[PDB]
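Worksheet for the structure shown next.
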Amino acid sequence: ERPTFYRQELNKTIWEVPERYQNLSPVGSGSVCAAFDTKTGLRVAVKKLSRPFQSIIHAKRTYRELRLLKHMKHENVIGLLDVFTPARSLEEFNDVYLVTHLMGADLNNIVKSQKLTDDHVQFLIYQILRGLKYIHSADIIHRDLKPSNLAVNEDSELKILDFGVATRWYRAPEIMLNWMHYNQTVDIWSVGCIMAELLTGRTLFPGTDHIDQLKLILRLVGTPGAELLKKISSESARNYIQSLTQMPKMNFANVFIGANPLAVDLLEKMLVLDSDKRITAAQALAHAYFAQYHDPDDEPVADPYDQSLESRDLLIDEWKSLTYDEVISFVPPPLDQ
Ligand SMILES: Cc1cccc(-n2nc(C(C)(C)C)cc2NC(=O)Nc2ccc(Nc3ncnc4ccc(N)cc34)cc2)c1
Ligand SMILES: CCCCCCCCO[C@@H]1O[C@H](CO)[C@@H](O)[C@H](O)[C@H]1O
């Protein structure tokens with residue numbers, strides 16, 4: 001069933017791809033070409049992974065990304081159109097290519113190139129939360145949500161991805177404080193930071209580093225209360241928190257001047273320091289702010305995903321063979337009609 005492959009050098013890089021994919025053109029940097037998919041009609045991104053089996057960290061990362069992308073089947077989350085290698089045997093297996101729908105803009109472009117209406121914010125944050133509900137239901141935490149990880153087309157349809165502007169700006173305070181474990185609601189923190197930026201056109205917490213990032217956060221939300229202090233396991237974190245000059249929680253309505261009050265109320269529900277008290281993605285979808293999009297009959301959950309597999313301690317050649325099996329067992333999506 002093997003397709004016919006053709007070779008081409010593109011910016012001093014070899015590219016060996018099925019005939020299916022035509023008119024490869026580099027779009028930046030592994031490395032990515034825009035292509036025409038003759039099978040489907042669609043414009044695609046073909047990403048040739050960089051040194052996928054260089055080391056155990058690379059091989060594991062390769063395996064994890066392939067497995068995750070094979071699992072994602074939701075309108076607001078990146079999906080896999082195809083995965084291929086030009087190898088006809090495991091023994092000649094060294095290259096992995098991923099194929100996805102080609103993206104135009106990201107949300108860093110739309111924010112930095114527009115003044116967004118409240119109506120448009122409603123729709124974009126809705127879709128982010130709808131993809132997160134799905135991702136979170138598989139017990140997956142994104143951990144890296146920021147505008148550049150959110151693709152948005154000319155129809156304002158949005159997809160969550162991970163390309164793999166500081167990330168720290170959108171990171172929950174518990175990750176700043178190097179918390180041992182963290183909750184799925186770290187991602188809700190990020191959405192709050194993103195939503196804020198879409199409403200104001202400004203980075204909410206542009207910390208120059210991690211201590212500075214905490215400082216800026218605490219300025220808005222206040223220093224921890226005695227309920228929250230009681231939940232700090234770390235002796236060192238606990239001392240440092242108790243060492244702070246107490247700051248009061250700001251009223252977000254006096255900060256987000258001119259914004260829709262329902263949008264402000266939601267921000268108050270997302271940007272809570274205590275993560276146990278943060279609104280969840282599924283709860284967020286039912287907030288009055290999304291009254292005109294929310295459809296509890298069309299906000300699906302994912303099948304369970306076994307994370308134990310990508311976390312084993314295996315040799316390079318074993319991750320390699322496992323990745324090969326995932327490539328071979330790939331079943332393509334159905335075409336539209
Ligand atoms: C590194 C890594 C490791 C493990 C998992 C991931 N994740 N995780 C996810 C979630 C949690 C959201 C399921 C998604 C991914 N991987 C991912 O999104 N991969 C991806 C992202 C962007 C592209 N690239 C382009 N695509 C579409 N148009 C373009 C147009 C231009 C351009 N330069 C690039 C592109 C290809 C693959 C990522
Ligand atoms: C000084 C700023 C540090 C405040 C960090 C507290 C915010 C995190 O909140 C904490 O998240 C944990 C991780 O999932 C949970 O186990 C705790 O119950 C929760 O209170």
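Labels used: A, B, ... for chains in the order of the structure tokens, numbers from 1 for residues in each chain, and numbers from 1 for ligands as shown.
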Near stretch 93-107 of chain A, counting only C-alpha atoms, which residues have an atom at most 9 Å away, once you skip same-chain residues fewer than 6 positions from it, shown as an NGL selection string? :A and (17 or 34-35 or 42-53 or 62 or 66 or 78-87 or 146-154 or 158 or 198 or 320-321 or 323-324 or 327)
How about saving the chosen residues, N, CA and C atoms kept, as a CSV table (one decimal), in the first residue's frame?
```csv
chain,number,residue,atom,x,y,z
A,17,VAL,N,8.7,12.9,0.6
A,17,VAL,CA,7.3,12.9,0.9
A,17,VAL,C,6.5,12.1,-0.1
A,34,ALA,N,4.5,24.5,3.7
A,34,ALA,CA,3.2,24.5,3.1
A,34,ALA,C,3.1,23.6,1.9
A,35,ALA,N,2.1,22.8,1.8
A,35,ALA,CA,1.9,21.9,0.6
A,35,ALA,C,0.5,21.9,0.2
A,42,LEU,N,-7.1,20.1,0.3
A,42,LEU,CA,-6.7,21.0,1.4
A,42,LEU,C,-5.2,21.5,1.2
A,43,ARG,N,-5.0,22.8,1.7
A,43,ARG,CA,-3.6,23.3,1.9
A,43,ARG,C,-3.1,22.7,3.3
A,44,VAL,N,-1.9,22.1,3.3
A,44,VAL,CA,-1.4,21.5,4.5
A,44,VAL,C,-0.1,22.0,5.0
A,45,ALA,N,0.2,21.8,6.3
A,45,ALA,CA,1.5,22.0,6.8
A,45,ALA,C,2.2,20.7,7.0
A,46,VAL,N,3.4,20.5,6.4
A,46,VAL,CA,4.1,19.2,6.6
A,46,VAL,C,5.3,19.6,7.4
A,47,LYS,N,5.4,19.0,8.6
A,47,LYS,CA,6.5,19.3,9.5
A,47,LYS,C,7.4,18.1,9.6
A,48,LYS,N,8.7,18.3,9.2
A,48,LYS,CA,9.7,17.3,9.3
A,48,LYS,C,10.3,17.5,10.7
A,49,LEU,N,10.1,16.6,11.6
A,49,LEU,CA,10.7,16.6,12.9
A,49,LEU,C,12.2,16.7,12.9
A,50,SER,N,12.8,17.5,13.8
A,50,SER,CA,14.3,17.7,13.9
A,50,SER,C,14.9,16.6,14.8
A,51,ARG,N,15.8,15.8,14.3
A,51,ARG,CA,16.5,14.8,15.0
A,51,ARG,C,15.6,14.1,16.1
A,52,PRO,N,14.6,13.4,15.6
A,52,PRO,CA,13.6,12.9,16.4
A,52,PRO,C,14.1,11.9,17.4
A,53,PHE,N,15.2,11.2,17.1
A,53,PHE,CA,15.7,10.1,17.9
A,53,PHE,C,17.2,10.4,18.3
A,62,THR,N,9.1,12.9,20.6
A,62,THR,CA,8.6,12.4,19.3
A,62,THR,C,7.4,11.5,19.5
A,66,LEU,N,3.4,12.4,18.7
A,66,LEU,CA,2.7,11.6,17.7
A,66,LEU,C,1.4,10.9,18.3
A,78,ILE,N,-6.0,21.1,17.4
A,78,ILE,CA,-5.2,20.5,16.3
A,78,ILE,C,-5.4,19.0,16.1
A,79,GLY,N,-5.7,18.6,14.8
A,79,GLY,CA,-5.7,17.2,14.5
A,79,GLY,C,-4.6,16.7,13.5
A,80,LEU,N,-4.3,15.4,13.5
A,80,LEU,CA,-3.4,14.9,12.5
A,80,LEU,C,-4.1,14.5,11.2
A,81,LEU,N,-3.6,15.1,10.1
A,81,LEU,CA,-4.2,14.6,8.8
A,81,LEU,C,-3.4,13.4,8.3
A,82,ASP,N,-2.1,13.3,8.7
A,82,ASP,CA,-1.3,12.2,8.2
A,82,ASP,C,0.0,12.2,9.0
A,83,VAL,N,0.7,11.1,9.0
A,83,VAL,CA,2.0,10.9,9.5
A,83,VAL,C,2.7,10.0,8.6
A,84,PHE,N,3.9,10.3,8.2
A,84,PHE,CA,4.6,9.3,7.3
A,84,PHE,C,6.1,9.4,7.6
A,85,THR,N,6.8,8.3,7.2
A,85,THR,CA,8.2,8.2,7.0
A,85,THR,C,8.6,7.6,5.7
A,86,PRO,N,9.7,8.1,5.0
A,86,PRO,CA,10.1,7.4,3.8
A,86,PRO,C,10.7,6.0,4.0
A,87,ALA,N,10.9,5.5,5.2
A,87,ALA,CA,11.4,4.2,5.5
A,87,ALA,C,10.5,3.1,5.2
A,146,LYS,N,-0.8,30.3,25.3
A,146,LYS,CA,-0.4,31.7,25.1
A,146,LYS,C,-0.9,32.0,23.7
A,147,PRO,N,-1.1,33.2,23.3
A,147,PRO,CA,-1.7,33.5,22.0
A,147,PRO,C,-1.1,32.8,20.8
A,148,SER,N,0.2,32.7,20.7
A,148,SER,CA,0.9,32.0,19.7
A,148,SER,C,0.6,30.5,19.5
A,149,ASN,N,0.1,29.9,20.6
A,149,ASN,CA,-0.4,28.5,20.5
A,149,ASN,C,-1.8,28.3,20.2
A,150,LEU,N,-2.5,29.4,19.6
A,150,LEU,CA,-3.9,29.4,19.3
A,150,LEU,C,-4.0,29.9,17.9
A,151,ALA,N,-4.3,29.0,17.0
A,151,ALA,CA,-4.5,29.3,15.5
A,151,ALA,C,-5.9,29.8,15.3
A,152,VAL,N,-6.0,30.8,14.5
A,152,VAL,CA,-7.3,31.4,14.2
A,152,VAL,C,-7.4,31.7,12.7
A,153,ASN,N,-8.4,31.1,12.0
A,153,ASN,CA,-8.6,31.4,10.6
A,153,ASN,C,-9.5,32.6,10.2
A,154,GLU,N,-9.7,32.8,8.9
A,154,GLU,CA,-10.5,33.9,8.5
A,154,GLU,C,-11.9,33.9,8.8
A,158,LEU,N,-11.0,28.7,15.8
A,158,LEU,CA,-9.8,28.6,16.6
A,158,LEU,C,-9.4,27.2,16.9
A,198,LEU,N,-6.8,40.3,25.2
A,198,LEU,CA,-7.8,40.5,24.1
A,198,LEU,C,-8.7,41.7,24.3
A,320,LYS,N,12.1,4.3,19.5
A,320,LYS,CA,12.1,4.4,18.1
A,320,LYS,C,11.2,3.4,17.4
A,321,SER,N,11.2,2.2,17.9
A,321,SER,CA,10.4,1.1,17.5
A,321,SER,C,8.9,1.3,17.8
A,323,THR,N,7.6,4.4,18.2
A,323,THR,CA,7.1,5.5,17.3
A,323,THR,C,6.8,4.9,15.9
A,324,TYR,N,7.6,4.0,15.4
A,324,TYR,CA,7.4,3.4,14.1
A,324,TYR,C,6.1,2.7,14.1
A,327,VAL,N,3.3,5.2,13.7
A,327,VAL,CA,3.3,5.7,12.3
A,327,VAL,C,2.5,4.7,11.5
```
Pick out each residue of stretch 26-99 of chain A that DSSP on the backbone tags as strand (DSSP E); I need them as a ChimeraX atom specification. /A:26,31-37,43-48,82-84,97-99
Can I get the selected residues back with C-alpha atoms, as a CSV table (one decimal), in the first residue's frame?
```csv
chain,number,residue,atom,x,y,z
A,26,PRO,CA,9.2,26.4,3.5
A,31,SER,CA,11.0,22.7,9.9
A,32,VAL,CA,7.6,23.1,8.1
A,33,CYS,CA,6.5,23.3,4.4
A,34,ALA,CA,3.2,24.5,3.1
A,35,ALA,CA,1.9,21.9,0.6
A,36,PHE,CA,-1.0,21.1,-1.6
A,37,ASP,CA,-2.7,17.8,-0.6
A,43,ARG,CA,-3.6,23.3,1.9
A,44,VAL,CA,-1.4,21.5,4.5
A,45,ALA,CA,1.5,22.0,6.8
A,46,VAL,CA,4.1,19.2,6.6
A,47,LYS,CA,6.5,19.3,9.5
A,48,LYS,CA,9.7,17.3,9.3
A,82,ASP,CA,-1.3,12.2,8.2
A,83,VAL,CA,2.0,10.9,9.5
A,84,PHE,CA,4.6,9.3,7.3
A,97,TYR,CA,6.8,13.8,9.1
A,98,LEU,CA,3.6,15.2,10.5
A,99,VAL,CA,0.8,16.6,8.4
```
Given only C-alpha atoms and all ligand atoms, how would the per-residue table for chain A near ligand 2 read, listing every residue at most 9 Å away with its closest atom pair and distance in Å to one decimal, sorted by chain and number, as a Markdown table?
```
| residue | atom | partner | partner_atom_place_in_ligand_line | distance |
| --- | --- | --- | --- | --- |
| A:172 | CA | ligand 2 | 7 (C) | 7.6 |
| A:173 | CA | ligand 2 | 5 (C) | 5.2 |
| A:174 | CA | ligand 2 | 5 (C) | 4.3 |
| A:175 | CA | ligand 2 | 5 (C) | 8.0 |
| A:176 | CA | ligand 2 | 3 (C) | 7.6 |
| A:177 | CA | ligand 2 | 3 (C) | 6.0 |
| A:179 | CA | ligand 2 | 13 (C) | 6.5 |
| A:180 | CA | ligand 2 | 13 (C) | 7.5 |
| A:181 | CA | ligand 2 | 13 (C) | 5.6 |
| A:182 | CA | ligand 2 | 14 (O) | 3.4 |
| A:183 | CA | ligand 2 | 14 (O) | 4.0 |
| A:184 | CA | ligand 2 | 14 (O) | 7.7 |
| A:185 | CA | ligand 2 | 14 (O) | 7.8 |
| A:186 | CA | ligand 2 | 14 (O) | 7.8 |
| A:214 | CA | ligand 2 | 2 (C) | 6.1 |
| A:215 | CA | ligand 2 | 1 (C) | 8.1 |
| A:217 | CA | ligand 2 | 2 (C) | 7.9 |
| A:218 | CA | ligand 2 | 2 (C) | 6.8 |
| A:222 | CA | ligand 2 | 1 (C) | 8.9 |
| A:223 | CA | ligand 2 | 1 (C) | 6.3 |
| A:224 | CA | ligand 2 | 1 (C) | 6.4 |
| A:227 | CA | ligand 2 | 20 (O) | 8.5 |
| A:228 | CA | ligand 2 | 20 (O) | 5.7 |
| A:229 | CA | ligand 2 | 6 (C) | 8.2 |
| A:230 | CA | ligand 2 | 20 (O) | 8.5 |
| A:231 | CA | ligand 2 | 20 (O) | 5.6 |
| A:232 | CA | ligand 2 | 17 (C) | 7.3 |
| A:233 | CA | ligand 2 | 16 (O) | 8.7 |
| A:237 | CA | ligand 2 | 1 (C) | 7.7 |
| A:238 | CA | ligand 2 | 1 (C) | 8.7 |
| A:240 | CA | ligand 2 | 1 (C) | 7.9 |
| A:241 | CA | ligand 2 | 1 (C) | 5.5 |
| A:244 | CA | ligand 2 | 1 (C) | 8.5 |
| A:272 | CA | ligand 2 | 7 (C) | 7.9 |
| A:273 | CA | ligand 2 | 7 (C) | 4.5 |
| A:274 | CA | ligand 2 | 9 (O) | 3.8 |
| A:275 | CA | ligand 2 | 9 (O) | 3.9 |
| A:276 | CA | ligand 2 | 19 (C) | 5.2 |
| A:277 | CA | ligand 2 | 20 (O) | 7.6 |
| A:278 | CA | ligand 2 | 9 (O) | 8.8 |
```
Any chance you can output those residues with N, CA and C atoms as a tab-separated table (two decimals), in the first residue's frame?
```tsv
chain	number	residue	atom	x	y	z
A	172	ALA	N	0.47	30.23	35.43
A	172	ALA	CA	-0.18	30.32	36.72
A	172	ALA	C	0.87	30.51	37.84
A	173	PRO	N	0.51	31.24	38.90
A	173	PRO	CA	1.46	31.56	39.96
A	173	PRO	C	2.05	30.31	40.63
A	174	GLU	N	1.36	29.17	40.57
A	174	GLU	CA	1.84	27.96	41.26
A	174	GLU	C	3.03	27.33	40.54
A	175	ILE	N	3.09	27.53	39.22
A	175	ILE	CA	4.21	27.10	38.38
A	175	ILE	C	5.40	28.05	38.57
A	176	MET	N	5.13	29.34	38.78
A	176	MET	CA	6.20	30.25	39.20
A	176	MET	C	6.89	29.71	40.47
A	177	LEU	N	6.08	29.39	41.47
A	177	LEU	CA	6.54	28.91	42.78
A	177	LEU	C	6.98	27.44	42.75
A	179	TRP	N	5.62	24.66	42.14
A	179	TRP	CA	4.75	23.70	42.81
A	179	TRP	C	5.04	22.31	42.30
A	180	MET	N	4.97	21.34	43.21
A	180	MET	CA	5.30	19.93	42.94
A	180	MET	C	4.38	19.34	41.88
A	181	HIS	N	3.09	19.33	42.20
A	181	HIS	CA	2.07	18.96	41.25
A	181	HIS	C	1.33	20.24	40.91
A	182	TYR	N	0.51	20.18	39.87
A	182	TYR	CA	-0.45	21.23	39.62
A	182	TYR	C	-1.71	20.65	38.99
A	183	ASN	N	-2.76	21.46	39.03
A	183	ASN	CA	-4.11	21.15	38.61
A	183	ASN	C	-4.28	21.45	37.10
A	184	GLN	N	-5.31	20.89	36.47
A	184	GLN	CA	-5.74	21.33	35.12
A	184	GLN	C	-6.05	22.83	35.05
A	185	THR	N	-6.45	23.43	36.17
A	185	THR	CA	-6.79	24.87	36.15
A	185	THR	C	-5.58	25.79	36.01
A	186	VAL	N	-4.35	25.27	35.97
A	186	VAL	CA	-3.24	26.12	35.49
A	186	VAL	C	-3.59	26.70	34.09
A	214	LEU	N	5.48	36.90	39.80
A	214	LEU	CA	4.70	36.80	41.03
A	214	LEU	C	4.29	38.16	41.58
A	215	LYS	N	5.23	39.10	41.58
A	215	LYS	CA	4.99	40.46	42.12
A	215	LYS	C	3.83	41.10	41.40
A	217	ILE	N	1.49	39.68	39.56
A	217	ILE	CA	0.27	38.91	39.80
A	217	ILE	C	-0.34	39.28	41.14
A	218	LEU	N	0.48	39.30	42.20
A	218	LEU	CA	-0.03	39.56	43.55
A	218	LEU	C	-0.60	40.95	43.67
A	222	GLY	N	-3.86	40.15	44.96
A	222	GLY	CA	-3.58	40.18	46.40
A	222	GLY	C	-2.70	39.05	46.88
A	223	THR	N	-2.12	39.23	48.06
A	223	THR	CA	-1.34	38.16	48.68
A	223	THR	C	-2.28	37.12	49.28
A	224	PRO	N	-1.82	35.85	49.36
A	224	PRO	CA	-2.59	34.73	49.91
A	224	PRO	C	-3.23	34.98	51.29
A	227	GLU	N	-6.57	30.97	54.47
A	227	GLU	CA	-7.06	29.71	53.92
A	227	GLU	C	-6.06	29.12	52.92
A	228	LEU	N	-5.46	30.00	52.12
A	228	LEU	CA	-4.52	29.57	51.10
A	228	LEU	C	-3.17	29.23	51.72
A	229	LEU	N	-2.69	30.04	52.67
A	229	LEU	CA	-1.45	29.70	53.37
A	229	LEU	C	-1.47	28.29	53.98
A	230	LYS	N	-2.62	27.87	54.49
A	230	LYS	CA	-2.81	26.54	55.07
A	230	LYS	C	-2.60	25.38	54.10
A	231	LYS	N	-2.53	25.69	52.81
A	231	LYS	CA	-2.45	24.70	51.73
A	231	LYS	C	-1.06	24.64	51.10
A	232	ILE	N	-0.13	25.45	51.60
A	232	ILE	CA	1.26	25.43	51.13
A	232	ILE	C	2.12	24.37	51.84
A	233	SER	N	2.47	23.31	51.11
A	233	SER	CA	3.26	22.20	51.65
A	233	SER	C	4.72	22.56	51.86
A	237	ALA	N	8.44	28.06	50.56
A	237	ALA	CA	7.37	28.87	49.97
A	237	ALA	C	6.50	29.54	51.05
A	238	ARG	N	6.19	28.76	52.09
A	238	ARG	CA	5.35	29.21	53.20
A	238	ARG	C	6.02	30.39	53.90
A	240	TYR	N	8.39	32.39	52.68
A	240	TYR	CA	8.44	33.54	51.76
A	240	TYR	C	7.09	34.27	51.62
A	241	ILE	N	6.00	33.52	51.58
A	241	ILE	CA	4.66	34.11	51.53
A	241	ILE	C	4.39	34.89	52.83
A	244	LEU	N	6.01	38.38	53.06
A	244	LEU	CA	5.51	39.46	52.21
A	244	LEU	C	4.78	40.53	52.99
A	272	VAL	N	-8.09	33.57	40.06
A	272	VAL	CA	-8.08	33.28	41.50
A	272	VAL	C	-6.77	32.56	41.81
A	273	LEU	N	-6.07	33.01	42.86
A	273	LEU	CA	-4.77	32.46	43.20
A	273	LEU	C	-4.89	31.01	43.66
A	274	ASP	N	-5.87	30.75	44.52
A	274	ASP	CA	-6.17	29.40	44.94
A	274	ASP	C	-6.79	28.59	43.80
A	275	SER	N	-6.03	27.60	43.33
A	275	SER	CA	-6.38	26.89	42.12
A	275	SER	C	-7.59	26.03	42.30
A	276	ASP	N	-7.83	25.56	43.55
A	276	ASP	CA	-9.04	24.79	43.90
A	276	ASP	C	-10.30	25.64	43.70
A	277	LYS	N	-10.15	26.96	43.69
A	277	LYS	CA	-11.30	27.86	43.60
A	277	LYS	C	-11.53	28.42	42.19
A	278	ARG	N	-10.55	28.25	41.30
A	278	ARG	CA	-10.62	28.64	39.89
A	278	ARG	C	-11.73	27.91	39.17
```
Counting only C-alpha atoms, what is within 6 Å of residue A:190, bar same-chain residues fewer than 6 positions away, as a PyMOL selection string? chain A and resi 145+170-171
Contact residues around residue A:126 with only C-alpha atoms at 9 Å, ignoring same-chain residues under 5 positions, as a list in words: residues 121, 131, 284, 285, 290, 293 and 294 of chain A
Emit the selected residues as an mmCIF file, in the first residue's frame, including N, CA, C and O atoms.
```
data_model
loop_
_atom_site.group_PDB
_atom_site.id
_atom_site.type_symbol
_atom_site.label_atom_id
_atom_site.label_comp_id
_atom_site.auth_asym_id
_atom_site.auth_seq_id
_atom_site.Cartn_x
_atom_site.Cartn_y
_atom_site.Cartn_z
ATOM 1 N N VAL A 121 -14.062 38.682 21.175
ATOM 2 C CA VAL A 121 -13.531 38.034 22.379
ATOM 3 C C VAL A 121 -14.443 36.898 22.873
ATOM 4 O O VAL A 121 -13.963 35.798 23.142
ATOM 5 N N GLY A 131 -12.296 23.671 23.468
ATOM 6 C CA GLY A 131 -11.181 22.715 23.241
ATOM 7 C C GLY A 131 -10.537 22.249 24.554
ATOM 8 O O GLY A 131 -10.171 21.071 24.697
ATOM 9 N N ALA A 284 -16.869 27.196 33.085
ATOM 10 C CA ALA A 284 -16.709 28.447 32.328
ATOM 11 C C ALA A 284 -17.636 28.515 31.108
ATOM 12 O O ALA A 284 -18.160 29.572 30.761
ATOM 13 N N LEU A 285 -17.857 27.378 30.466
ATOM 14 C CA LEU A 285 -18.666 27.357 29.234
ATOM 15 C C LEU A 285 -20.122 27.737 29.507
ATOM 16 O O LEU A 285 -20.839 28.156 28.591
ATOM 17 N N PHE A 290 -20.992 33.613 27.864
ATOM 18 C CA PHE A 290 -21.067 32.804 26.623
ATOM 19 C C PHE A 290 -22.493 32.350 26.274
ATOM 20 O O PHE A 290 -22.682 31.403 25.488
ATOM 21 N N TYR A 293 -23.251 31.324 22.621
ATOM 22 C CA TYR A 293 -22.548 30.215 21.997
ATOM 23 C C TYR A 293 -22.766 28.909 22.737
ATOM 24 O O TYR A 293 -22.799 27.865 22.127
ATOM 25 N N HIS A 294 -22.938 28.974 24.049
ATOM 26 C CA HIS A 294 -22.958 27.773 24.895
ATOM 27 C C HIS A 294 -24.042 26.796 24.479
ATOM 28 O O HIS A 294 -25.222 27.156 24.432
#
```
Set the distance at 10 Å and use only C-alpha atoms: which residues neighbour residue A:304 once local chain neighbours fewer than 2 positions away are removed? I'd like the list as an NGL selection string. :A and (71 or 135 or 137-140 or 301-302 or 306-307)
Once you have the residues from the selection above, write them out as a compact mmCIF listing (two decimals), in the first residue's frame, restricted to N, CA and C atoms.
```txt
# COMPACT_ATOMS: atom_id res chain seq x y z
N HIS A 71 -4.54 11.05 18.96
CA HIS A 71 -5.70 11.04 19.83
C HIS A 71 -6.67 12.25 19.69
N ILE A 135 -9.68 18.58 26.07
CA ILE A 135 -8.31 18.18 26.39
C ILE A 135 -8.26 17.73 27.85
N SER A 137 -10.61 16.65 29.77
CA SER A 137 -11.38 15.42 30.02
C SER A 137 -10.57 14.16 29.71
N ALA A 138 -9.54 14.30 28.89
CA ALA A 138 -8.58 13.21 28.65
C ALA A 138 -7.49 13.18 29.72
N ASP A 139 -7.63 14.04 30.73
CA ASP A 139 -6.63 14.17 31.77
C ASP A 139 -5.30 14.66 31.17
N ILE A 140 -5.39 15.59 30.23
CA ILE A 140 -4.19 16.21 29.64
C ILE A 140 -4.21 17.67 30.08
N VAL A 301 -16.49 15.50 25.19
CA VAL A 301 -15.34 15.13 26.00
C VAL A 301 -14.55 14.15 25.18
N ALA A 302 -13.31 13.87 25.59
CA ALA A 302 -12.42 12.99 24.85
C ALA A 302 -12.49 11.59 25.41
N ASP A 306 -4.01 7.24 27.85
CA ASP A 306 -3.04 6.66 28.81
C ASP A 306 -1.70 7.37 28.76
N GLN A 307 -1.44 8.21 29.74
CA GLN A 307 -0.19 8.93 29.77
C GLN A 307 1.01 8.11 30.28
```
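The residues of stretch 272-328 of chain A that DSSP assigns to helix (DSSP H, G or I) on this backbone come out as residues 275, 276, 277, 281, 282, 283, 284, 288, 289, 290, 307, 308, 309, 310, 311, 316, 317, 318, 319, 320, 321, 322, 323, 324, 325, 326, 327 and 328 of chain A.
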Mind writing the picked residues with N, CA and C atoms as a compact mmCIF listing (two decimals), in the first residue's frame?
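Contents of part-v9.txt, as written:
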```txt
# COMPACT_ATOMS: atom_id res chain seq x y z
N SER A 275 -6.03 27.60 43.33
CA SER A 275 -6.38 26.89 42.12
C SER A 275 -7.59 26.03 42.30
N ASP A 276 -7.83 25.56 43.55
CA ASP A 276 -9.04 24.79 43.90
C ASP A 276 -10.30 25.64 43.70
N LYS A 277 -10.15 26.96 43.69
CA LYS A 277 -11.30 27.86 43.60
C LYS A 277 -11.53 28.42 42.19
N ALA A 281 -12.97 24.58 32.94
CA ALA A 281 -13.37 24.91 31.55
C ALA A 281 -14.87 24.60 31.34
N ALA A 282 -15.32 23.41 31.77
CA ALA A 282 -16.76 23.04 31.66
C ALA A 282 -17.70 24.01 32.40
N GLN A 283 -17.33 24.44 33.61
CA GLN A 283 -18.09 25.47 34.35
C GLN A 283 -18.05 26.82 33.60
N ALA A 284 -16.87 27.20 33.08
CA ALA A 284 -16.71 28.45 32.33
C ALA A 284 -17.64 28.51 31.11
N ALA A 288 -22.64 33.09 31.93
CA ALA A 288 -23.48 34.09 31.22
C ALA A 288 -22.80 34.85 30.09
N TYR A 289 -21.51 35.14 30.26
CA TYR A 289 -20.71 35.70 29.17
C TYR A 289 -20.81 34.94 27.83
N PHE A 290 -20.99 33.61 27.86
CA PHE A 290 -21.07 32.80 26.62
C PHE A 290 -22.49 32.35 26.27
N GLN A 307 -1.44 8.21 29.74
CA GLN A 307 -0.19 8.93 29.77
C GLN A 307 1.01 8.11 30.28
N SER A 308 0.75 6.92 30.82
CA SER A 308 1.83 6.16 31.46
C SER A 308 2.85 5.74 30.43
N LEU A 309 2.38 5.54 29.19
CA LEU A 309 3.17 5.01 28.09
C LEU A 309 4.34 5.88 27.65
N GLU A 310 4.14 7.19 27.66
CA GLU A 310 5.16 8.13 27.17
C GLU A 310 6.16 8.43 28.29
N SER A 311 5.87 7.94 29.49
CA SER A 311 6.69 8.25 30.65
C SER A 311 7.60 7.12 31.17
N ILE A 316 16.75 4.28 23.58
CA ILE A 316 16.44 5.03 22.34
C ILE A 316 15.77 4.16 21.29
N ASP A 317 16.34 2.97 21.05
CA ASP A 317 15.85 2.08 20.02
C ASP A 317 14.46 1.56 20.32
N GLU A 318 14.12 1.51 21.60
CA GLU A 318 12.77 1.08 21.98
C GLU A 318 11.75 2.18 21.71
N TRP A 319 12.06 3.42 22.08
CA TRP A 319 11.16 4.54 21.72
C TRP A 319 11.01 4.64 20.20
N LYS A 320 12.09 4.33 19.50
CA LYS A 320 12.14 4.39 18.06
C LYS A 320 11.18 3.39 17.43
N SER A 321 11.23 2.15 17.93
CA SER A 321 10.37 1.08 17.46
C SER A 321 8.90 1.33 17.80
N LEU A 322 8.65 1.85 18.99
CA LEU A 322 7.32 2.24 19.41
C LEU A 322 6.74 3.36 18.53
N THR A 323 7.57 4.36 18.20
CA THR A 323 7.13 5.47 17.33
C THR A 323 6.77 4.94 15.93
N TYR A 324 7.61 4.05 15.41
CA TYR A 324 7.40 3.38 14.13
C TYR A 324 6.06 2.67 14.07
N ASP A 325 5.73 1.93 15.13
CA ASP A 325 4.44 1.27 15.27
C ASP A 325 3.26 2.27 15.23
N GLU A 326 3.40 3.41 15.90
CA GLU A 326 2.37 4.46 15.85
C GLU A 326 2.21 5.05 14.45
N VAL A 327 3.32 5.18 13.71
CA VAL A 327 3.28 5.69 12.33
C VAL A 327 2.51 4.71 11.45
N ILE A 328 2.88 3.43 11.56
CA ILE A 328 2.32 2.34 10.76
C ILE A 328 0.85 2.13 11.07
```
Proximity to residue A:65 - best of A:262, A:164, A:111, A:129, only C-alpha atoms: A:164
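Taking atom 36 (C, counted along the ligand's line) of ligand 1 as the reference point, atom CA of residue A:295 is found at 29.5 Å.
Of the listed residues (A:255, A:141, A:24, A:57), A:141 comes nearest to ligand 1; the distances count only C-alpha atoms and all ligand atoms.
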Quick one: residues within 10 Å of residue A:157, only C-alpha atoms, excluding same-chain residues fewer than 6 positions away - as a PyMOL selection string? chain A and resi 75-76+123-124+127-128+151
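With distances restricted to only C-alpha atoms and all ligand atoms, A:72 is the closest residue to ligand 1 from A:286, A:72, A:188, A:259.
Minimum atom-to-atom distance to ligand 1, evaluated using only C-alpha atoms and all ligand atoms, belongs to A:73 out of A:39, A:112, A:73, A:210.
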